[PDB]
Structure formats: structure tokens, C-alpha cells
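One chain follows as C-alpha cells, the form deposited in one PDB entry.
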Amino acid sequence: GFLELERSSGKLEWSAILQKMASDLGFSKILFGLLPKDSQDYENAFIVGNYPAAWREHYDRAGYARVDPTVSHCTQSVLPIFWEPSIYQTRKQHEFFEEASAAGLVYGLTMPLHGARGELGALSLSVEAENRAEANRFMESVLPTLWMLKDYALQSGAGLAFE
């Protein structure tokens, strides 16, 4: 569980519980983003978490949903995409990487979310590490737990967002 996320009422308590679950697991920053069936309106997604506010604003401002390589990945797969240097291919994606890094978001992964009612989302989690090798060792050590977490977060958060 999942216990607290269900007993919670309102976005504020739900966000605090999810953030703490991630933090306890070893991830300092998280974003839970969700769209309803047949929506591509990323700039109006249901968004939860503790990403820096200025970064979230810039992301929307710059239209980074069209650039961020994890977005297109999420439309095609249920498997995680790790924030590996190989995913940033274009010059725009290089800038995206640099800008996200400035915001403190360099190491992490994005778990695509695909709900029972056609919801489309992502749970992104970032880790503080001394290098990418350290980050990857940590992420591998907690991956099975994260994999369960993302589905619990999806089932709970879909109803909060749209119902």
C-alpha cells in the first residue's frame, strides 16, 4: 500500500504522502503527471510533486513536452526510460538536459503511466548522486519497489485527477 494515499483527501495530502514515499526510498525530487483519455494537452496536465516551481513554469513556457525525450517514450512504452546521456539526441534535447540539470534534475528515470481508462502519465523521480554510475547503482537497488509504486500512484491519482 497505498494505505495512506487512499485514506488521504485532497491533492495537498496526496502529494505529501507520495513525496515522502519517494524520499524514504532515496529520491529527492518527483513529478507525477497525468492526462485523461485522448488528451495531448501537456501544458494542462494534472501535476503533483516537488520539482522546483520555476522549472515547471519554464518547462511549460518553452514547450519542452515537444523536446523532452521521456514524453514520446511514454506514448510508446510501459517500461521505464532512464535519464541516460544517449536519450538526449538533438541540440534542443542537449539544452533541455542542461536546463533540467541547472534545476538540479540530472539523474533519474521516468516511469510511463497507462491507466485502466486510457489515462496517460509519467512518474519521474530524480536522485542526488556524485556521478551517474552512483545514481544507476542506487536506482537498480530500488527498481522493483519503484515499479510497484508507480502503479499504486497511477491507480490512486487517476481518481483524484479526473473523478
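Heads up: residue numbers just count along the shown sequence, starting at 1. Rigid core (definition): largest C-alpha set, two forms, superposition within 1.5 Å.
Next on the checklist: Regarding 38 to 46 and 126 to 134, which shows the higher C-alpha temperature factor on average in the entry?
Outcome noted: Per the PDB record, 38 to 46.
Checklist entry - Looking at the entry, does 114 to 122 or 60 to 68 show the higher mean C-alpha B-factor? => result Comparing averages over the C-alpha atoms only gives 60 to 68.
Item to check | Third of the chain, ranked by Cα B-factor, where residue 104 sits | outcome: Residue 104: CA B-factor falls in the middle third of its chain.
Item to check | Third of chain Cα B-factors occupied by residue 140 | outcome: CA B-factor rank for residue 140: middle third.
Checklist entry - What third of the chain, by the recorded C-alpha B-factor, contains residue 55? => result Ranked within chain, residue 55 CA B lands in the lowest tercile.
Checklist entry - When the modelled residues of the chain are sorted by Cα temperature factor, does residue 32 land in the lowest, middle or highest third? => result CA B-factor rank for residue 32: lowest third.
Next on the checklist: When the deposited Cα B-factors of this chain's modelled residues are ordered and cut into thirds, is residue 154 in the lowest, the middle or the highest one?
Outcome noted: Its C-alpha B-factor belongs to the lowest third of this chain's values.
FYI, the form deposited in another entry isn't displayed, but the following is about it.
Checklist entry - Following superposition of the rigid core, which of 97, 55, 64, 42 is the only residue with a C-alpha displacement of 2 Å or more between the shown form and the other one? => result With the rigid core fitted, the residue that moves is 42.
Item to check | Distance direction in the other entry for the C-alpha atoms of residue 44 and residue 36, relative to the displayed form (3 angstroms or more) | outcome: Nearer in the other entry, by 3 Å or more.
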